[PDB]
Each structure stands twice: as C-alpha cells, then as structure tokens.
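Undergrad: First the structure, which I've put down as structure tokens, then a few questions once you've had a look.
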Amino acid sequence: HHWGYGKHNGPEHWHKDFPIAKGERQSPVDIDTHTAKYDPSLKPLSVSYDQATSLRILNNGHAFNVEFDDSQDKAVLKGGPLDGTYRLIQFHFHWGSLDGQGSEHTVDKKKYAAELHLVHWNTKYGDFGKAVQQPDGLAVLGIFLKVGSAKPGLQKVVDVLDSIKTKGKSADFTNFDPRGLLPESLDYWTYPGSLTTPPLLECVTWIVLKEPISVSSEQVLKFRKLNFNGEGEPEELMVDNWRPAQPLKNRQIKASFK
Ligand SMILES: Cc1cn([C@H]2C[C@H](n3cc(CNC(=O)Nc4cccc(S(N)(=O)=O)c4)nn3)[C@@H](CO)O2)c(=O)[nH]c1=O
Ligand SMILES: [Zn+2]
C-alpha cells in the first residue's frame with residue numbers, strides 16, 4: 001500500500017508515512033501575484049544547457065523522468081536566487097485528466113494543464129542523494145504548460161512514450177536538447193520549498209517561470225495514455241499526478257520582475 005495519487009493513497013494520506021508533509025516549507029504553493037514582492041537584488045537566471053547529455057527516459061510509476069549525465073558540469077543552472085552551481089539530473093512533468101488541471105503550482109489560483117520540473121542539485125554536496133538532505137540542496141525550475149499550439153521541442157518526448165507505457169519501463173533517450181522546452185522569458189518567482197512527491201524533503205529552491213509554454217492537445221493526450229501500473233497489471237491511466245497547493249506559512253515569494 002505505497003503512496004500514489006488514488007483515493008486511498010493520494011496526497012491527503014502522505015503524512016502518515018511522511019510526516020514532513022505537514023512541515024513548514026512544503027510545495028507546491030499558490031503564487032499570489034499581487035503579494036509576491038519584486039526583489040531588484042535577484043539576478044537573471046543563467047540556464048546553460050548547450051552541453052546537456054540526455055541518457056534515458058523512465059516510467060517510474062508516478063511520472064516519467066528524462067535523465068541526464070550529471071557526472072560533470074554539462075547542463076547547469078546558476079544565478080537568480082542561487083549561490084553556486086546546480087547540475088541538471090532529470091526533468092519530468094505533472095499533468096491532469098483534463099486541460100483545466102494538472103499543474104502543482106497555481107498562479108492566483110489558476111491551474112495550468114501541466115507543469116515541467118527541471119531538477120538540479122547543488123554541486124557543493126557532491127551528489128543528488130546528499131543534496132536532498134540540505135536546505136539548499138536542489139533547484140527546481142518549474143514551467144507551466146497551457147494547451148494551444150504544439151511545442152516542437154516536446155515531440156521527441158511524446159513519440160517515445162509508447163515504449164515506456166508501464167511502470168519500470170525505460171528506453172534509451174540520447175541527444176534530447178532541453179533548451180527546446182523553455183519559454184522566451186526567464187522572468188520568475190522564487191521561494192524555499194520541498195519535493196512535491198514523497199519523501200517531501202525540504203531541500204528545494206523553487207524557481208517558477210512566469211511565461212508558460214504552449215503544447216498541443218495531441219501532445220498532452222499522449223501523456224494521458226501512460227500507465228501508473230506495471231505490465232500485466234490492471235490498467236490505470238497516469239493522469240492527475242499533481243499535489244495540490246500547500247500552506248505558505250512563514251514564507252515570502254519573490255519576483256524577479258516588476
Ligand atoms: C540515499 C540516496 C537517495 N537517492 C535519491 C532517491 C530517493 N527517492 C526518490 C524517490 C521518488 N521521489 C522523488 O523522486 N521526488 C522528487 C525528486 C526530485 C524532484 C521532485 S519535484 N516534483 O519536487 O520536482 C520530486 N523516493 N526516494 C531520494 C531521497 O530518498 O534520493 C539517490 O539518488 N542517491 C542516494 O544515495
Ligand atoms: Zn515534479
């Protein structure tokens with residue numbers, strides 16, 4: 001009886017196995033755009049993905065991860081609210097059963113159809129597993145998806161999903177360029193938070209871009225054909241794999257822009 005997104009194992013249950021679910025810096029949150037303060041001291045984000053080396057795509061039973069070689073400074077995030085250098089390890093998405101829901105963060109209570117998380121770890125801690133034990137261990141770049149025009153740079157991901165339909169399946173996934181998933185503007189909100197899935201560790205500097213990317217209805221429909229289940233198990237569509245907004249508590253969301 002493992003955690004998931006069902007009635008008997010979803011977000012409202014997670015606190016029994018993971019009591020930090022009710023902690024002081026949980027994610028995601030609602031971004032109240034009028035309460036966020038412009039912080040003129042925040043630096044432009046530096047996204048350096050030219051040498052990124054994707055390796056594999058994995059259905060892990062809660063999402064799919066596109067994994068990168070993080071054994072060298074090849075795809076890094078720095079600047080913005082960050083001190084030092086954070087290396088890209090994986091990206092994944094959260095999405096809905098319908099276009100009206102699916103994001104984890106919300107903006108003035110608006111839910112987007114999906115949310116992309118580009119996960120990076122602070123190189124001063126040596127590896128991802130040590131980084132997640134630190135309050136500044138991770139930097140997650142969050143990007144909202146809305147349904148409209150297709151995102152051409154997403155299609156290579158969409159077209160491999162048939163090969164990883166079920167939990168535990170992986171496929172080689174080399175030469176994928178994550179620059180093709182970024183919006184034009186790097187304007188962002190930032191706040192201290194957590195992983196949005198168990199173990200819900202309070203180790204993330206969240207950087208949420210204001211500008212969504214557009215994907216087509218056909219692209220998100222292919223996300224919704226994935227399965228939570230393993231092969232030869234009852235089919236349960238991988239949809240609504242998002243945690244709802246958590247209390248802000250004693251936190252301030254800062255804006256990079258006026
Ligand atoms: C000890 C050790 C552990 N590890 C990893 C595996 C282990 N783990 C992974 C999951 C699944 N949960 C997520 O992946 N959550 C998540 C991870 C990153 C971002 C986000 S999100 N949605 O907020 O963007 C969520 N459950 N447990 C995690 C902490 O225990 O550290 C390692 O790589 N090397 C090690 O030496
Ligand atoms: Zn995520």
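In the structure tokens, the first chain shown is A, the next is B, and so on; residue numbers restart at 1 for each chain, and ligands run from 1 in the order shown.
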Please identify all protein, DNA and RNA residues within 9 Å of ligand 2, counting only C-alpha atoms and all ligand atoms, and report them as a list in words.

TA: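 After applying the 9 Å limit, what remains is residues 63, 91, 92, 93, 94, 104, 115, 116, 117, 118, 119, 140, 142, 195, 196, 197 and 242 of chain A.
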
Undergrad: Find the residues near stretch 48-51 of chain A: any atom within 9 Å, counting only C-alpha atoms, skip ones fewer than 3 places away on the same chain, and give them as a ChimeraX atom specification.

TA: /A:73-78,88,177-179

Undergrad: Skipping near chain neighbours, those fewer than 3 positions away, what residues fall within 8 Å of residue A:216 using only C-alpha atoms, listed as an NGL selection string?

TA: :A and (147-151 or 219-220)

Undergrad: Mind dumping the selected residues with C-alpha atoms as a short mmCIF file (atom, residue, chain, number, x, y, z; two decimals), in the first residue's frame?

TA:
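After the write, out-v6.cif holds the following:
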```
data_model
loop_
_atom_site.label_atom_id
_atom_site.label_comp_id
_atom_site.auth_asym_id
_atom_site.auth_seq_id
_atom_site.Cartn_x
_atom_site.Cartn_y
_atom_site.Cartn_z
CA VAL A 147 -2.88 23.79 -24.34
CA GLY A 148 -2.78 25.63 -27.71
CA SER A 149 -0.04 25.48 -30.35
CA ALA A 150 2.28 22.44 -30.31
CA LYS A 151 5.74 22.70 -28.73
CA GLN A 219 0.79 16.21 -27.13
CA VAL A 220 -0.93 16.18 -23.68
#
```

Undergrad: Residues at most 12 Å from stretch 52-61 of chain A, counting only C-alpha atoms, excluding those fewer than 6 positions away in the same chain, as number ranges by chain?

TA: A: 2-5, 67-77, 87-93, 156-180, 223, 226-231, 235-239, 241

Undergrad: Would you return as a list in words the members of stretch 97-192 of chain A that DSSP assigns to helix (DSSP H, G or I) on this structure's backbone?

TA: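 Output for stretch 97-192 of chain A, helix (DSSP H, G or I) only: residues 123, 124, 125, 128, 129, 130, 131, 152, 153, 154, 155, 156, 157, 158, 159, 160, 161, 162, 163, 164, 178, 179, 180 and 181 of chain A.
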
Undergrad: Do you know which residues are at most 12 Å from residue A:202 counting only C-alpha atoms, after dropping those on the same chain fewer than 4 positions away, and could you put them as a ChimeraX atom specification?

TA: /A:18-28,131-139,191-198,206

Undergrad: Write a file of the selected residues as a short mmCIF file (atom, residue, chain, number, x, y, z; two decimals), in the first residue's frame, keeping C-alpha atoms.

TA:
```cif
data_model
loop_
_atom_site.label_atom_id
_atom_site.label_comp_id
_atom_site.auth_asym_id
_atom_site.auth_seq_id
_atom_site.Cartn_x
_atom_site.Cartn_y
_atom_site.Cartn_z
CA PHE A 18 5.96 11.13 5.55
CA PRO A 19 5.09 13.44 8.47
CA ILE A 20 7.09 16.32 6.89
CA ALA A 21 4.02 16.54 4.55
CA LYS A 22 2.65 18.95 7.24
CA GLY A 23 6.00 20.85 7.51
CA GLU A 24 6.94 24.49 7.41
CA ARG A 25 8.21 24.70 3.80
CA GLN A 26 6.09 22.33 1.68
CA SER A 27 5.49 22.59 -2.06
CA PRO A 28 3.73 23.38 -4.28
CA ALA A 131 21.94 17.29 -1.79
CA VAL A 132 18.38 16.31 -0.84
CA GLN A 133 19.45 16.27 2.86
CA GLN A 134 20.32 20.01 2.70
CA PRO A 135 18.04 23.06 2.82
CA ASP A 136 19.76 24.46 -0.32
CA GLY A 137 20.39 21.12 -2.00
CA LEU A 138 18.14 21.38 -5.06
CA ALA A 139 16.95 23.98 -7.52
CA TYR A 191 10.56 30.68 -2.73
CA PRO A 192 12.00 27.99 -0.44
CA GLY A 193 10.10 24.68 -0.55
CA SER A 194 10.14 20.95 -0.88
CA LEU A 195 9.93 17.96 -3.18
CA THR A 196 6.26 17.66 -4.24
CA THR A 197 6.35 13.83 -4.00
CA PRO A 198 7.44 11.59 -1.15
CA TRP A 206 11.84 26.73 -6.36
#
```

Undergrad: Between A:256, A:97, A:65, A:190, single out the one closest to residue A:39, counting only C-alpha atoms.

TA: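 The answer is A:256, which sits nearest to residue A:39.
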
Undergrad: From the options A:255, A:82, A:47, A:141, which residue's atoms come nearest to ligand 1, counting only C-alpha atoms and all ligand atoms?

TA: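 Distance minimum relative to ligand 1 lands on A:141.
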
Undergrad: Have a look at atom CA of residue A:254 and atom CA of residue A:199 and let me know their distance in Å, one decimal.

TA: 25.6 Å

Undergrad: Closest to residue A:181 among A:248, A:107, A:143, A:45, using only C-alpha atoms?

TA: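 Smallest separation from residue A:181 among the options: A:143.
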
Undergrad: Which residue out of A:35, A:106, A:85, A:205 has the minimum interatomic distance to ligand 1 when only C-alpha atoms and all ligand atoms are used?

TA: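 Residue with the minimum atom-to-atom distance to ligand 1: A:205.
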
Undergrad: Hey, which of A:232, A:6, A:152, A:212 ends up closest to residue A:184? Count only C-alpha atoms.

TA: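 Once distances to residue A:184 are computed over only C-alpha atoms, the minimum belongs to A:212.
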